[PDB]
Amino acid sequence: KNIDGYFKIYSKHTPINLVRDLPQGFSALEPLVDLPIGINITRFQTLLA
Amino acid sequence: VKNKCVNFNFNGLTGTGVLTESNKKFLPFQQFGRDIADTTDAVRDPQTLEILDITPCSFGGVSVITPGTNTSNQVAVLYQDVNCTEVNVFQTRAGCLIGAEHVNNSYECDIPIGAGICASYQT
Amino acid sequence: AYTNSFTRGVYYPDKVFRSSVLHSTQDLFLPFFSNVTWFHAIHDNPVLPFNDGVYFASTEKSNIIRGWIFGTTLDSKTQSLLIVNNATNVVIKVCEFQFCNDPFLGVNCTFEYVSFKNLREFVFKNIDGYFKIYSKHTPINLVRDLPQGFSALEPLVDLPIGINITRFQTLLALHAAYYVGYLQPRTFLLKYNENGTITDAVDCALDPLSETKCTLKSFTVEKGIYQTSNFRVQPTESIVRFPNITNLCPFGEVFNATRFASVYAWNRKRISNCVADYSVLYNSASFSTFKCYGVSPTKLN
Amino acid sequence: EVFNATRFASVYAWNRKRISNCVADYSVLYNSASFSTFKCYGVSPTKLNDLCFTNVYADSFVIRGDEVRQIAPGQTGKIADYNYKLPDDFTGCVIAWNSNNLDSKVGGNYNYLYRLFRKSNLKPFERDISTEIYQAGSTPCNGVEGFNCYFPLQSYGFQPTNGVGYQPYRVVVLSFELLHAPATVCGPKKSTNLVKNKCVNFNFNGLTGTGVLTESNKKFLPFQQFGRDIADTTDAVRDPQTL
Amino acid sequence: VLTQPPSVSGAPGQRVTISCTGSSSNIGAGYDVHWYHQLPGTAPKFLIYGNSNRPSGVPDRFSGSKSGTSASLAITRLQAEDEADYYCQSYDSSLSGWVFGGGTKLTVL
Amino acid sequence: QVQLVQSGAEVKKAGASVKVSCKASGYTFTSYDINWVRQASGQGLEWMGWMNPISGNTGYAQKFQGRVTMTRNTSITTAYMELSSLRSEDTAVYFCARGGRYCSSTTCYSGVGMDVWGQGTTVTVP
Amino acid sequence: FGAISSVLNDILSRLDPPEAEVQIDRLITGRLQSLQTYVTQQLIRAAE
Amino acid sequence: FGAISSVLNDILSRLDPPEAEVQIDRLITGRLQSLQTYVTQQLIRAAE
Ligand SMILES: *[C@@H]1O[C@H](CO)[C@@H](O)[C@H](O)[C@H]1NC(C)=O
Ligand SMILES: *[C@@H]1O[C@H](CO)[C@@H](O)[C@H](O)[C@H]1NC(C)=O
Ligand SMILES: *[C@@H]1O[C@H](CO)[C@@H](O)[C@H](O)[C@H]1NC(C)=O
Ligand SMILES: *[C@@H]1O[C@H](CO)[C@@H](O)[C@H](O)[C@H]1NC(C)=O
Ligand SMILES: *[C@@H]1O[C@H](CO)[C@@H](O)[C@H](O)[C@H]1NC(C)=O
Ligand SMILES: *[C@@H]1O[C@H](CO)[C@@H](O)[C@H](O)[C@H]1NC(C)=O
């Protein structure tokens with residue numbers, strides 16, 4: 001996200017073992033690097049390899 | 001410094017209190033601590049990465065035990081909820097009492113002090 | 001030589017009549033039952049600190065003590081007053097008089113006025129440019145030291161000199177018993193009577209008796225418990241803890257860039273890992289206007 | 001002596017003239033259109049004649065036309081901090097008429113002087129005649145000006161050829177402190193006879209009100225003027241005409 | 001003069017660090033050195049003070065640097081017309097307030 | 001806006017004295033320290049000392065100690081360099097300096113004698 | 001209460017009316033809030 | 001309470017006295033009026 005020109009990166013890496021749905025359990029995202037860019041952000045696109 | 005309240009200015013945040021070591025496990029981005037009353041509870045030293053608890057030192061109003069001026073001019077002072085280091089000296093649960101000699105014999109309360117301690121004027 | 005200053009040194013903070021009412025004020029008095037120095041008048045005039053005032057008393061029989069010089073240098077380098085009474089005229093001038101090698105009276109002339117059995121108390125001072133002559137003459141039957149008793153000290157004449165005094169030297173008569181109490185900005189429980197003479201006073205920051213006296217607004221306090229003030233463990237020193245920053249911040253860069261942006265595309269130069277002194281900012285006198293809205297204009301460094 | 005004066009002091013050695021034993025009318029000051037700015041939050045300009053003052057000091061000096069807001073409670077500035085400080089609780093009224101034609105001469109009115117360097121802030125109404133050289137650097141200054149050695153008491157130049165922003169302006173603090181000292185400068189109003197046992201609108205030395213006026217047996221001391229009750233309201237007065 | 005190329009025949013653009021040797025009071029502490037120039041044909045109008053600090057019409061080619069026991073000002077862009085008289089002045093502290101040397105001269109052939 | 005007038009070409013006998021003038025008036029002179037700097041004919045310049053118009057400062061240099069005093073007439077602020085009992089070393093062109101930094105700026109920078117005075121010469125020949 | 005004087009005849013006799021609304025307003029919000037503490041204090045005191 | 005900060009150490013370090021009196025007596029008006037709501041509230045609670 002970008003609020004007031006501050007870009008905070010949120011990251012989380014957790015293991016799962018489930019078959020049908022996203023699991024029931026709470027996981028918070030922590031800031032790591034705050035970044036001075038100053039943009040709008042409204043659309044995200046997923047790429048693969 | 002530790003266990004002695006002084007004028008600290010931790011990264012622009014000022015106050016009066018003692019700086020003690022804490023076990024309060026900060027996340028690396030997080031820097032300051034808060035209380036239920038959202039005042040500053042802990043800070044990290046920005047030079048050496050250590051959790052510093054902040055607690056303002058012993059304070060409180062002073063109350064005075066004094067009989068009638070038509071009876072006496074002997075003086076007494078009471079320091080409530082102050083431990084008898086930071087201040088014929090008596091320490092009780094109510095605080096540091098200076099002026100009255102502690103008596104193991106018990107009498108009826110005349111001038112109340114606190115935590116079951118009472119002062120009076122007798123031989 | 002020390003003395004217990006029993007009750008002396010009470011004057012009028014103001015000369016507005018009051019009756020059977022106890023007024024509390026902050027003013028400069030010497031403390032009651034305190035330590036004051038004892039002097040003799042044989043063969044002593046050191047320059048004592050008149051930091052904000054002293055109380056004078058004289059056991060006199062032949063009018064030897066006759067004047068004073070008060071000031072900050074007291075050597076005609078500053079404006080200093082001289083007092084002489086030639087049995088017919090009162091003479092108080094700060095004008096450039098010829099003082100002796102040892103200043104005595106025999107047995108920058110801006111202020112344009114040109115002309116035992118007895119205790120004498122004189123307090124010459126300056127508060128806000130007023131020069132108050134405080135005087136009282138009192139009979140006694142006592143020889144050993146200053147008497148025990150209450151004496152209101154009233155103003156007489158206010159003159160336009162307005163002089164700095166931080167340390168004073170008494171004036172002798174050559175061919176002085178006095179007392180020095182350091183006054184402090186203390187609060188005082190004062191009592192007026194129906195005839196308008198101040199009959200008693202309390203330095204109420206002194207002992208628990210007096211602290212109860214001026215928190216209960218009475219000269220007689222009942223037996224009981226009374227909160228008077230607050231005790232706080234004062235900080236003995238100042239600790240500063242800031243990050244180990246080692247780079248001078250480019251504040252000068254956003255002042256001295258080769259080009260500046262317009263209001264259509266002004267920039268967001270975001271700052272981290274810096275040291276800001278602002279002392280160079282305040283030392284620069286280039287500021288045409290400095291309207292500093294959230295934080296103090298001066299107190300920012 | 002304070003308006004039609006031939007000589008005005010400066011901000012470093014401004015005259016503090018006690019004005020007493022005289023009658024202060026202010027009506028000719030109202031009728032005068034000479035004043036340009038008449039600023040004070042303490043007293044009002046126009047409704048002042050009915051008031052009788054404690055003691056009034058006329059602080060005479062000269063400062064710039066842009067510096068007229070510096071003579072105010074709480075204002076911070078160069079001259080305000082190095083030459084003349086006004087307290088936050090300042091009572092009194094500062095008057096600044098135009099001095100386009102008075103405090104100026106062709107070669108430059110060079111007798112008005114002001115401090116520019118001090119290591120401390122000023123007290124209100126103080127009199128600093130310090131003639132030491134201010135130390136700018138760390139080097140000791142043995143009376144030798146030059147590098148790290150400049151003298152604080154700076155002067156002005158006033159010429160009629162100069163611009164109106166640099167033209168001399170007169171600002172005078174007629175400091176109307178209503179303090180404890182006895183009232184001596186009253187308005188130009190005629191007195192009336194005294195009435196007892198009948199309440200009447202009284203205006204005694206500027207203090208207005210209504211009440212009954214009976215004789216009292218208290219021995220007010222000379223220089224003792226009012227008797228105040230617990231409310232600091234005037235309970236007794238000494239008649240200034242008859243003791 | 002203090003130790004520089006003291007009086008040389010120089011065309012306007014010679015890249016000569018016309019120095020001004022000062023001690024620790026001058027090369028380090030007296031960094032406010034200013035260059036007087038009594039100009040040929042007028043009263044001194046140096047137009048060059050505080051090293052590279054310039055008035056209008058003065059270029060940054062006069063570069064002011066303190067290197068060891070040596071000050072500096074130079075020029076660029078070799079031409080013919082800049083015959084002039086140069087002087088360096090330093091705050092000499094224990095000496096007089098600000099002192100020159102011998103009178104640096106720039107002249108062409 | 002700095003205006004500068006001084007004395008002219010003169011000849012004086014050895015041992016005499018001069019009541020010389022260095023006259024600045026008509027502008028904001030107060031920001032400027034009217035100092036004193038000389039140069040010999042064909043030598044580098046040399047600074048005799050300062051005279052401070054800012055309310056009465058006095059202080060000399062070493063090369064003319066014992067020979068010169070200074071006073072200032074603060075009404076119109078005339079500057080002096082009183083060459084009394086003159087010697088061989090004052091036969092040159094004598095000029096004043098002018099401390100160019102602005103005094104209501106707190107930073108004490110260098111004296112910038114941007115404008116330079118007319119003429120002063122005490123030639124001592126028989 | 002932030003006004004320059006506390007006696008109302010004094011504050012009215014020396015303030016011009018346009019700034020007197022400000023000075024009187026500070027004085028009466030202070031006076032009325034103190035009187036409000038007073039009347040609530042004797043309301044609960046009269047309740048006691 | 002309409003002031004620009006709420007930690008009084010920050011206001012003391014942040015404002016000069018002349019505008020500090022404006023924000024500070026705003027803060028005092030708010031923090032008093034919270035205190036008389038507190039003491040009348042616990043005083044009616046003390047009646048309870
Ligand atoms: C970023 O987003 C805002 C809102 O959608 C838009 O108006 C703006 O034009 C965008 N930025 C640019 C550079 O177009
Ligand atoms: C900076 O501060 C840290 C504190 O942990 C210290 O270890 C380091 O040596 C310091 N570096 C310098 C250059 O002062
Ligand atoms: C008071 O101080 C003494 C001094 O060491 C200490 O032993 C004691 O535990 C303190 N009292 C309390 C209640 O902490
Ligand atoms: C005060 O004055 C009255 C009035 O004459 C007098 O009778 C009394 O003795 C005086 N002294 C007092 C009350 O101590
Ligand atoms: C009064 O004298 C003291 C010490 O001599 C000095 O610190 C202070 O600045 C003086 N105040 C005035 C107004 O002269
Ligand atoms: C002064 O006041 C007293 C009051 O009775 C009176 O006797 C005297 O006439 C007054 N002076 C003049 C000039 O009227």
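Every residue number used here counts from 1 along the chain in the order it is shown.
Each residue, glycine too, has its Cβ placed from N, Cα and C.
Database features (Swiss-Prot):
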DISULFID  C:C95-C:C109  disulfide bond
DISULFID  C:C204-C:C214  disulfide bond
DISULFID  C:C249-C:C274  disulfide bond
CARBOHYD  C:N35  N-linked glycosylation site
CARBOHYD  C:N86  N-linked glycosylation site
CARBOHYD  C:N108  N-linked glycosylation site
CARBOHYD  C:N164  N-linked glycosylation site
CARBOHYD  C:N195  N-linked glycosylation site
CARBOHYD  C:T236  O-linked glycosylation site
CARBOHYD  C:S238  O-linked glycosylation site
CARBOHYD  C:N244  N-linked glycosylation site
CARBOHYD  C:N256  N-linked glycosylation site
REGION    C:193-214  region 'Putative superantigen'
REGION    C:232-248  region 'Disordered'
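Of the listed glycosylation sites C:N108, C:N256, the Cβ environment within 10 Å is emptiest of other Cβ atoms at C:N256. Proximity to chain D, defined as a CB-CB distance below 8 A, holds for none of the glycosylation sites C:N108, C:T236, C:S238, C:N256.
Listed disulfide-bonded residues: C:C204, C:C214, C:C249, C:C274; maximum Cβ neighbour count within 10 Å falls on C:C204. By the rule that a residue counts when its Cβ sits under 6 Å from some atom of ligand 4, the recorded positions C:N86, C:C109, C:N195, C:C204, C:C249, C:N256 yield C:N195.
In three-state terms derived from DSSP, C:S238 (O-linked glycosylation site) belongs to an extended strand segment. Shown for the region 'Putative superantigen' (C:193-214): DSSP residue counts in helix, strand and coil, namely 7 helix, 6 strand, 9 coil. Counting only residues at least six positions away in the same chain, the Cβ atoms of C:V94, C:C95, C:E96 sit under 8 Å from the Cβ of C:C109 (disulfide bond). The glycosylation sites examined here are C:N35, C:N86, C:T236, C:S238, C:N244; by Cβ neighbour count within 10 Å, the least packed of them is C:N244. With respect to Cβ neighbours within 10 Å, the glycosylation sites C:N164, C:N195 differ, and C:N195 shows the lowest count. Not a single one of the recorded positions among C:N108, C:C109, C:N164, C:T236 has a C-beta coming within less than 6 Å of an atom of ligand 2. In the vicinity of ligand 5, defined as a Cβ distance under 6 Å, the following of the glycosylation sites C:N35, C:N164, C:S238, C:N244, C:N256 are placed: C:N164.
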